[PDB]
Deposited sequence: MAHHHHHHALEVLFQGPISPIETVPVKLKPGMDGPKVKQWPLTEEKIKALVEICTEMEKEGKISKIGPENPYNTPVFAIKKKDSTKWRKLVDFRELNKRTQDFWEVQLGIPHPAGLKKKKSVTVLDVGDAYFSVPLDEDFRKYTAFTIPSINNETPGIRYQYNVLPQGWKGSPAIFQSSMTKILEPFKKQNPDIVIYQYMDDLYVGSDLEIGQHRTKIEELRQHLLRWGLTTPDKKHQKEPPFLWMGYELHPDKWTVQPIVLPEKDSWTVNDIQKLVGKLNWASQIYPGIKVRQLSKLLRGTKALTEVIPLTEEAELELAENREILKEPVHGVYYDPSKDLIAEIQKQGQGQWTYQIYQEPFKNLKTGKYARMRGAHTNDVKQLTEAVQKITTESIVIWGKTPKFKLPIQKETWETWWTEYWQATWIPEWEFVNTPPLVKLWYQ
């Protein structure tokens, strides 16, 4: 007998009309079974072609998990649904989460199926299960309850969620808890044993409400305190070739867009003649000071760079080769909030696409913990290549926005 929270799309926007993409046999089987079980329980219901909306669905296995998990690509619906910040439903973000020694990620999406969804909004959650070789036309369902993956569901569930966690919080007031979509981020400074213990307590605590008023048991362990930053570094040499100094000057001139006090006059002079790229040339006294001054400037942080909660986050990734990937997170060009590098991820030396998928997942996770937002990615990959393979490697319950770029590396800017 729970009353449904009304929900409206942003004025002047239609619902999502995104076509279902082809699914592998194992994925279609998982979805048919999952949707069958969900239909018996009233969680979804069958619909026809007169509902004009559609949102893609597929299935994933989380890290080290053997059980299929339904995933709806609600990105379109999420960007067409009223921002709940205006409503005041939106969750605040704790600056302390990133400072904790251990942060565990808990899947709690299952909870959301307990709460009815506003009748007038249900039509927007339409999805179509496809069939191998198109044996059947698509089978359309829509949601009756709060669906996993929709940004409205944690908003509307916040009330029940805060009430449920209230005891545990008061007992252990040092532990930070942040809710993002279908996930719970639980951070503490305890020793690992007592941390996992407290997570286990919280799990059983959630079951006690589950008994009274994909699975919960899984849990992933982050350590935000140890998250390194990868800055811009100039090479160190005793002998410089003409090639080296041309590279150094091109790099410094690019950097000058980030640190304005950087100068290349003294270094550029060393390049006056028409010399063989391979010629060794002694650095002039002026040039040595200029280089040293530039290392100093690069050592200090950029001026006037800070997080604006109203602006979107953007992430760029470069493929550096040998399993190394660099990234920058920013809101305004050349004002990077964070820079970093990944190496030796799953797929190194055999599968670029798996590596990039992991990179995107890693960066999104860092952005959620640090800012409570997911960035829009500029992916260094062809659209067709990405779209063909990425769902084979996706292990997260959210999906960030992305776009495709092709930027030949003319300066080895973020990696030497």
**OP:** Provide the list of deposited-sequence positions lacking C-alpha coordinates, grouped into contiguous ranges.
**Re:** 1-19, 233-241
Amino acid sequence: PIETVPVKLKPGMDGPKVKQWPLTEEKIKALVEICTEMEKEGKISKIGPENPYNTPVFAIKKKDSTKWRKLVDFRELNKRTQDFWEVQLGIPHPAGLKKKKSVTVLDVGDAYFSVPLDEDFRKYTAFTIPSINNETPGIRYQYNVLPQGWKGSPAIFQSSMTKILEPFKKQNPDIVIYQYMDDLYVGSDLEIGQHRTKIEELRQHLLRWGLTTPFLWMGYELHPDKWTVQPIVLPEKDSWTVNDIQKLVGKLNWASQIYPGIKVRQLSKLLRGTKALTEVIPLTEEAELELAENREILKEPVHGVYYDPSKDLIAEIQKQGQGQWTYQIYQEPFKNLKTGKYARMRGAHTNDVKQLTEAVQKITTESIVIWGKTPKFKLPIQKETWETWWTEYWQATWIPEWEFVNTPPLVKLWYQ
From here on, numbers count along this sequence of modelled residues.
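The term rigid core refers to the maximal set of C-alpha atoms that superpose within 1.5 Å between the two forms.
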**OP:** Just give me the stretch that moves more in 6 other deposited structures of this protein: 94-102 or 245-253, judged by RMS C-alpha distance after a core fit.
**Re:** 245-253
**OP:** Figure out for me whether 56-64 or 385-393 is the more displaced stretch in 6 other deposited structures of this protein, taking RMS C-alpha distance from the shown form once the rigid core is superposed.
**Re:** 56-64
**OP:** Check whether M218 has no coordinates in at least a third of the other compared PDB entries of this protein, counting only entries that model residues on both sides of it.
**Re:** yes
Original post:
Which is higher in the entry, the mean Cα B factor of 57-65 or that of 347-355?
Top reply: 57-65
**OP:** Would you tell me which stretch averages the higher CA B-factor in the PDB entry, 148-156 or 261-269?
**Re:** 261-269
Original post:
When you compare the CA B-factors of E332, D107, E236, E76 as listed in the entry, which one comes out on top?
Top reply: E236
**OP:** Compare the CA B factors listed in the entry for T136, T274, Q194, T278 and report the winner.
**Re:** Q194
**OP:** Taking the values exactly as deposited, rank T81 by C-alpha B-factor within its chain and report the matching third: lowest, middle or highest.
**Re:** highest
Original post:
Against its chain's modelled residues, does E392's Cα B factor rank lowest, middle or highest third?
Top reply: lowest
Subject >> Modelled-residue ranking by C-alpha temperature factor, third containing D183 >> reply: middle
Subject >> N336, C-alpha B-factor rank within chain (lowest, middle or highest third) >> reply: lowest
Original post:
Going by the entry, which third of its chain does the Cα temperature factor of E25 land in?
Top reply: middle
